[PDB]
> 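Just passing along the structure, written as structure tokens.
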There are 2 protein chains.
Amino acid sequence: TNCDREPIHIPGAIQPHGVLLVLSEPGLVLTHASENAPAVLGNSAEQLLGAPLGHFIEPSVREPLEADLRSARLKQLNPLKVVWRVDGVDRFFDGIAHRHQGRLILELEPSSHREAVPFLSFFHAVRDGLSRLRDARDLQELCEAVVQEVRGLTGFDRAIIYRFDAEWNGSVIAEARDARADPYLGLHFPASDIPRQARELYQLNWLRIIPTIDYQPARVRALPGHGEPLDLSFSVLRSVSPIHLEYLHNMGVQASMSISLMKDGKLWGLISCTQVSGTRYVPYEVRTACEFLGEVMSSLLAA
Amino acid sequence: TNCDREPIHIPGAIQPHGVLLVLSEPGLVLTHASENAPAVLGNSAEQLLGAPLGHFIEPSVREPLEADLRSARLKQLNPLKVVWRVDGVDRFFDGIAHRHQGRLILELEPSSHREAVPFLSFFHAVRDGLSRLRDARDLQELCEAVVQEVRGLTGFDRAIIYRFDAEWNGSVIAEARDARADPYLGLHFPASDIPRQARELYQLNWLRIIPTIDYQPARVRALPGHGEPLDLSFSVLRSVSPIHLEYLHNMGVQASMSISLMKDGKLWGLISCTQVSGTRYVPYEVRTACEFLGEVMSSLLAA
Ligand SMILES: */C=C\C1=C(C)C(=O)N/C1=C\c1[nH]c(Cc2[nH]c(/C=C3\NC(=O)C(C=C)=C3C)c(C)c2CCC(=O)O)c(CCC(=O)O)c1C
Ligand SMILES: */C=C\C1=C(C)C(=O)N/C1=C\c1[nH]c(Cc2[nH]c(/C=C3\NC(=O)C(C=C)=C3C)c(C)c2CCC(=O)O)c(CCC(=O)O)c1C
């Protein structure tokens, strides 16, 4: 059987800090809703399933949101501004929507604290980060620049560059760390620690975040006739493989984030961040800044 | 005498769509002010020279603005939010401040129309642009991607990649254009069209914009004992060489913007945009998005 066979893209559940909805097209009827929607949204699955999205959206946000969800050209439009009028009292969310395997999936994460101008942090993060990455004169300086930059933006206890060999064993070739985190720099690990179906998924979906490894997976409920396993390959809230969560627990890690490094269309390595402390709910603008720096580093893996 | 000798970094004047101030440190006393300040700011040079900056700033913006100007770490903090309370009635500006040759220069450009969330356009421009640049498989596709991207963001009639040879002659190696603009693709030009002191300045200051070639230069006035030619090398409002403005007039160009392409610390080429139509007051977020794409392209000039 071994490591490579557990699926991972169809867990049937999400990480409960956000809500996952599936929307029909073109009508935007909710055909799936994750069952943590009462805690996060103020509505039940029963109120949600089969209702049109617009019924729950503050009316002045509604028309542009529906226009974006139908756009196809959908991020490029992410993040979507979603304002949920429940009882009502608005709740504010960043929507990340995508199409995959014929379904339109909308993920909702509570909008960040502040007031502190939208997208200003991303502007500074990628400008300052790009010039630090360009200062690097070789691969090893590039790696150290990225890991210092990502740890600064996220606050993670540890950030490494994890590089794959021929073979798919990995090596910790650069590390930035708080002093509370043991040093993994220089360690090599077998290929099965990131098994083959994970590596294949990470060639397509370049960012994953587990802000706490202790969560109760929120099942995705569906209208009768619907689900059938939801392919969650491109969903940021996808519940991750339980055996990886026990790897993290045994390693003493409470939260994780990694970013794929690509070279010639093939997975080259990861930027891997870990928290030994407590949780790490990285905000949207920070995650996206980090993933953007991973793309820059990936494009600089040349000569 | 010839082309290489006219200075260009000390014209004594600026392009009048913004205001240039020089500030003492640490006290932020205005020692220089451009003479278009009545039109743009609502104050005269006489009211400005020798007054502390804070006297003109809306009080809730004032402390953070002064903190930034003293920071050193100054962009990284650009753009500064500057709210000018004159009579009073607030006016809103993006401040771009820099230190050079011992002076602290603050340039003020009216804040953009809207309402349309700050920095959202930059977020989308650099994300969408980076992935189009990464799609390029060789230098020629890179060049065509950049020129299509920059023309899309700015609306310029023409955008070219202008590459320097051994020698500093130039070649138009890629072009995107409205059909109203004659094609320069494939043309070669002598080194003197971008003379040596311009090329040296452009190795240090990677962006220049002339939103209309028909402007009355606004003299920079100074307190007695002060100016002495203000070195405007890193100032975005620097009035450009009059002979270049007549080159543009004869070429039939009403507005221009170029971005330096760097390779191994040496000027490699320019992204050059021209308007045959009318003016081109490119907004701050667009200019910065374009310059960021120029840095990415510069970093990809490798192998
Ligand atoms: C055969 C089953 C598995 C064994 C044994 C094992 O050790 N992992 C197994 C399955 C598995 N791993 C992952 C994802 C994963 N694994 C890592 C490994 C590391 N994290 C570190 O900090 C270090 C060394 C310092 C290593 C090595 C990483 C980075 C990841 C990516 C996720 C993350 O960033 O935390 C999966 C997929 C989990 C999922 O995507 O659902 C599986 C099934
Ligand atoms: C000896 C004096 C000069 C002669 C003769 C001439 O032709 N230019 C001279 C001086 C000069 N040029 C510049 C800056 C400059 N020149 C160009 C040239 C081109 N623009 C085009 O569209 C093309 C071809 C399609 C060419 C060739 C460019 C792009 C620039 C940069 C400024 C801009 O983007 O418009 C200067 C410096 C002007 C300044 O920075 O003050 C000078 C003195």
Side-chain angles (χ1 to χ4, degrees), chain A residues 115-117 120, chain B residues 11-71 74-75 77-99 103-119 209 211-212 214-227 230 232 234-239 279 281-285 287-288:
Chain A
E115 288 281 348
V117 156
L120 184 46
Chain B
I14 62 155
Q15 299 180 54
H17 57 281
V19 166
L20 185 136
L21 309 175
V22 177
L23 306 176
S24 68
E25 313 177 84
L28 306 177
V29 175
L30 310 210
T31 66
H32 308 54
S34 58
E35 62 180 357
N36 64 328
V40 177
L41 252 29
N43 292 103
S44 55
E46 283 80 1
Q47 291 177 316
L48 291 174
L49 293 176
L53 210 221
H55 175 248
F56 306 97
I57 307 306
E58 195 287 299
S60 71
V61 164
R62 169 193 290 148
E63 182 219 86
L65 172 61
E66 290 173 345
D68 294 342
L69 268 342
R70 289 160 175 147
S71 159
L74 187 57
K75 185 81 200 153
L77 313 166
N78 292 317
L80 311 172
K81 177 173 45 87
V82 172
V83 179
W84 257 74
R85 190 155 275 181
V86 47
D87 227 336
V89 59
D90 291 344
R91 288 145 135 112
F92 293 76
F93 298 93
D94 296 312
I96 305 154
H98 73 281
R99 299 187 176 92
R103 307 254 31 170
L104 200 212
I105 297 172
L106 168 64
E107 294 179 292
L108 301 177
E109 284 171 333
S111 268
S112 64
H113 49 245
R114 262 76 87 179
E115 288 281 348
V117 156
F119 296 99
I209 188 167
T212 178
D214 295 316
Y215 65 89
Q216 175 94 244
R219 301 276 137 192
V220 182
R221 315 265 190 83
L223 290 169
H226 296 261
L230 230 203
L232 292 175
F234 291 97
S235 151
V236 316
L237 294 172
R238 178 184 60 88
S239 188
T279 66
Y281 294 90
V282 185
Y284 177 78
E285 283 182 54
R287 293 201 317 266
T288 318

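Only heavy atoms go into these numbers, but all of them, side chains included; no hydrogens, no water, no symmetry mates. Residue numbers begin at 1 in each chain, while the letters A, B, ... track the order of the sequences.
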> If you measure from CZ on B:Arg70 to CG on B:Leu23, what distance do you get to the nearest 0.5 Å?
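If we round to the nearest 0.5 Å, B:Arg70:CZ and B:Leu23:CG are 10.0 Å apart.
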> Please, which pairs that meet side-chain hydrogen bond (donor to acceptor under 3.5 Å, both in side chains) have at least one residue in residues 17-28 of chain B, sequence neighbours excluded?
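Output for this query lists B:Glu25-B:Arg99.
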> Whether the side chain of B:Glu109 engages the backbone of B:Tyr284 through a donor-acceptor N/O pair (distance < 3.5 Å, no angle test) should be reported.
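Side chain of B:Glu109 to backbone of B:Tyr284: no pair is present.
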> So which atom in B:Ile96 and which in B:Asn78 form the shortest heavy-atom distance, rounded to 0.1 Å?
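Here B:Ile96 and B:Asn78 meet closest at CA-OD1, 3.6 Å.
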> Do the side chains of B:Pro64 and B:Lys81 get nearer than 4.5 Å, heavy atoms only?
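No; the side chains remain at least 4.5 Å from each other.
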> One pair to check against side-chain contact (heavy atoms from CB on, under 4.5 Å): B:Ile105 and B:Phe234. What are the steps and the verdict?
CA-CA 9 Å; B:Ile105 297 172; B:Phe234 291 97; over 6 Å; no
> Considering all heavy atoms of both residues, which atom of B:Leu223 and which atom of B:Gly50 are nearest to each other, and what is their separation?
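Reported closest heavy-atom pair: CD2-N, 3.8 Å.
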> Nearest heavy-atom pair of B:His32 and B:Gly227: which atoms, and what distance?
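In this case the closest contact between B:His32 and B:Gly227 is NE2-N, 3.5 Å.
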> Can you check whether B:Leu30 reaches B:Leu53 side chain to side chain, under 4.5 Å on heavy atoms?
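Touching, per the 4.5 Å side-chain cut-off.
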> Within a strict 4.5 Å, meaning less than it, do heavy atoms of the B:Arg238 and B:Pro11 side chains meet?
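SC-SC contact between B:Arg238 and B:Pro11 confirmed.
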> Distance from B:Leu41 atom CG to B:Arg91 atom CZ, nearest 0.5 Å?
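Going from the CG atom of B:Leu41 to the CZ atom of B:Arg91 covers 7.0 Å.
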> Supply the atom-to-atom distance B:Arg103 CZ to B:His226 NE2, rounded to the nearest 0.5 angstrom.
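The distance works out to 6.0 Å.
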> What is the minimum heavy-atom distance between B:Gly42 and B:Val86, and which atoms define it?
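B:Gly42 and B:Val86 have their closest heavy atoms at O-CG2, 3.3 Å.
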> Looking at every non-hydrogen atom in both residues, tell me the closest pair between B:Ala33 and B:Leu48 and how far apart they are.
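In terms of heavy atoms, the two residues are closest at CB-CD1, 3.9 Å.
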> Atom CG in B:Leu74, atom CG in B:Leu106: separation rounded to 0.5 Å?
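So the CG of B:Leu74 and the CG of B:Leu106 are separated by 9.0 Å.
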> Check whether B:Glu285 reaches the backbone of B:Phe119 with its side chain - one donor and one acceptor, N or O, closer than 3.5 Å.
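Yes: the side chain of B:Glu285 pairs with the backbone of B:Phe119.
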> Between the side chains of B:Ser34 and B:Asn36, is a donor N or O closer than 3.5 angstrom to an acceptor N or O?
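The criterion, which ignores hydrogens and geometry beyond distance, is satisfied for B:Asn36 and B:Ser34.
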> Quick check: closest heavy atoms across B:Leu80 and B:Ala97, and the distance to 0.1 Å?
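That would be CD1-CB, 3.8 Å.
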> Measuring from B:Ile14:CD1 to B:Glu35:CD, what's the distance to the nearest 0.5 Å?
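Here the interatomic distance stands at 9.0 Å.
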> Mind checking whether B:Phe56 and B:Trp84 have parallel, tilted or perpendicular rings, split at 30° and 60°?
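Judged by the thresholds at 30° and 60°, the geometry between B:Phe56 and B:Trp84 is parallel.
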> Would you say the side chain of B:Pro52 lies within less than 4.5 Å of the side chain of B:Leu28, judging by non-hydrogen atoms?
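No, side chains not in contact.
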> Quick one: pull up CG in B:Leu49 and OG1 in B:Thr31 and give me the separation to the nearest 0.5 Å.
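The CG atom of B:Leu49 sits 8.0 Å away from the OG1 atom of B:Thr31.
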> For the residue pair B:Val236 and B:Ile209, establish whether any side-chain heavy-atom pair is separated by less than 4.5 Å.
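They are not in side-chain contact.
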